[PDB]
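Protein chains: 2
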Amino acid sequence: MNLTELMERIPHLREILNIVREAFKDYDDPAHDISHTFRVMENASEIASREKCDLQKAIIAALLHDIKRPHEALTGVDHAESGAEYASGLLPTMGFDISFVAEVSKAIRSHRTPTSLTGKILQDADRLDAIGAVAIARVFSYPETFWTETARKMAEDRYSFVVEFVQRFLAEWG
Amino acid sequence: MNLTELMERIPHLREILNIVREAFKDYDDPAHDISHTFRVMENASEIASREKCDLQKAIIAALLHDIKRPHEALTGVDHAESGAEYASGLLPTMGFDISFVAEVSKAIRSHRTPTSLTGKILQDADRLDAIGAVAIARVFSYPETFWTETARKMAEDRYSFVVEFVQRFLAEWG
Ligand SMILES: [Cl-]
Ligand SMILES: [Cl-]
Ligand SMILES: [Fe+3]
Ligand SMILES: [Fe+3]
Ligand SMILES: [Fe+3]
Ligand SMILES: [Fe+3]
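Structure follows, in structure tokens:
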């Protein structure tokens, strides 16, 4: 799904994306910048769709999970705790119900085990970002551990691509 | 083949490698540094072996083909012309015969069409270095056009890997 499609399915998505962009304004650590959050949300979208789980919870949790990363860089306050508290304050103002907000907040709180489906999907989505083509590109610019079967398959696929990349690099280097 | 194996088959290889290293000492342009020459020689080794062509000529031509690149950077004198003249002077002193030296020299002279098997292999080996895993890594740190069937297959393989890399990058980026 593209963003237009996500915005058709997820309430307040545009405003949440906006808030996330604003939070990350001038936080450019390539290891933790905003593009990571967008890739995590793409991974969460794939996983939740294929697992037949709650997409709204998964997407929102992914968008918000590192929203307090810049704040941690300034203060040393743990971003998972801070991000969970932030989600609990923000989300009720957008009409999300108590159980929805509690699940999203707990997922963020647990992301660095998680106990909910949203938390498991979030953690998988986050950790998948350490592997693949973009991860390879980042290194140069500077699978059984996953909860869900969909993430495990994605991890296997990305890992096998990374292995091939290394093998080729070494074979070509001589 | 590893270098020990090449040194078992190719006269004066160690001394030639030594001379090449010395030529490149303090020439660090990542687009034209010594590691390119070594990758070209690896490509030439594969191609000449599989094509049942003269390995000695192919290897030596690959090692020497850009030996005057650093000199071109300083003077503007074309490295293909300069490299061919250099090979014609150096190689007879190592006991290579007139026809061998002329072929290697012409191959270097023509590498930027070539008319000999050595020149065709050299050009393929050189141009293959623009694609593949190491080429991808270089970009981030900063097939039917090939003469031989072996290079065409290698080019197809590397190009299909590059395409997959791009596709994955884009899919992951969101
Ligand atoms: Cl959780
Ligand atoms: Cl030629
Ligand atoms: Fe995090
Ligand atoms: Fe994260
Ligand atoms: Fe050249
Ligand atoms: Fe070259």
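For the protein sequence lines, the chains are V and Y, in the order given.
Per the working numbering, the very first residue in the first sequence carries number 1; after that it's consecutive.
Per the working numbering, the very first residue in the second sequence carries number 1001; after that it's consecutive.
Cβ coordinates follow ideal geometry from the N, Cα and C atoms, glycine included.
- Distances from the CB of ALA1080(Y) to the heavy atoms of ligand 5 include at least one below 7 Å.
- For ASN18(V), the three-state secondary structure derived from DSSP is helix.
- If you check each beta-carbon in the region 1106-1138 of chain Y against every beta-carbon of chain V, the ones closer than 7 Å belong to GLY1132, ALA1133, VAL1134 and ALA1137.
- Taking a C-beta cut-off of 9 Å against chain V, the contacting residues of the region 1031-1050 of chain Y are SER1035, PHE1038, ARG1039, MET1041, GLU1042, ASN1043 and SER1045, listed in chain order.
- If you compare the alpha carbons of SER110(V), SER141(V), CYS53(V) and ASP33(V) with that of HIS71(V), the shortest gap goes to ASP33(V).
- In the three-state reduction of the DSSP assignment, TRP1173(Y) falls in the helix class, which pools H, G and I.
- A distance filter of 6 Å between CB atoms and the heavy atoms of ligand 6 selects the following residues in sequence order: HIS1036(Y), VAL1040(Y), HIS1065(Y), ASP1066(Y) and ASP1126(Y).
- Excluding residues up to 5 positions away in sequence, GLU1103, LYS1106 and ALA1107 lie with their Cβ nearer than 7 Å to the Cβ of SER1116(Y) in the same chain.
- Taking the CA atoms as reference points, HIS36(V) sits about 24 Å from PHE1161(Y).
- Boundaries of the alpha helix (DSSP H) harbouring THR37(V): 34-51, taken from the DSSP string.
- Against chain V, a Cβ distance below 7 Å from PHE1165(Y) picks out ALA133.
- Distance from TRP1147(Y) to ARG39(V) at the Cβ level is roughly 42 Å; contact not present, criterion being Cβ atoms closer than 8 Å.
- Only residues of its own chain outside the window of five on either side were considered, and among them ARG1158, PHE1161 and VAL1162 have a CB closer than 8 Å to the CB of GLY1132(Y), listed in chain order.
- Apart from the 5 residues on each side of it in sequence, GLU156(V) sits with its Cβ closer than 8 Å to the Cβ of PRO143 in its chain, given in chain order.
- At a threshold of 7 Å, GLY1083(Y) does not count as near ligand 2, since its beta carbon sits no closer than that to any of the ligand's heavy atoms.
- Look at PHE1024(Y): its C-beta is not under 8 Å from any C-beta on chain V.
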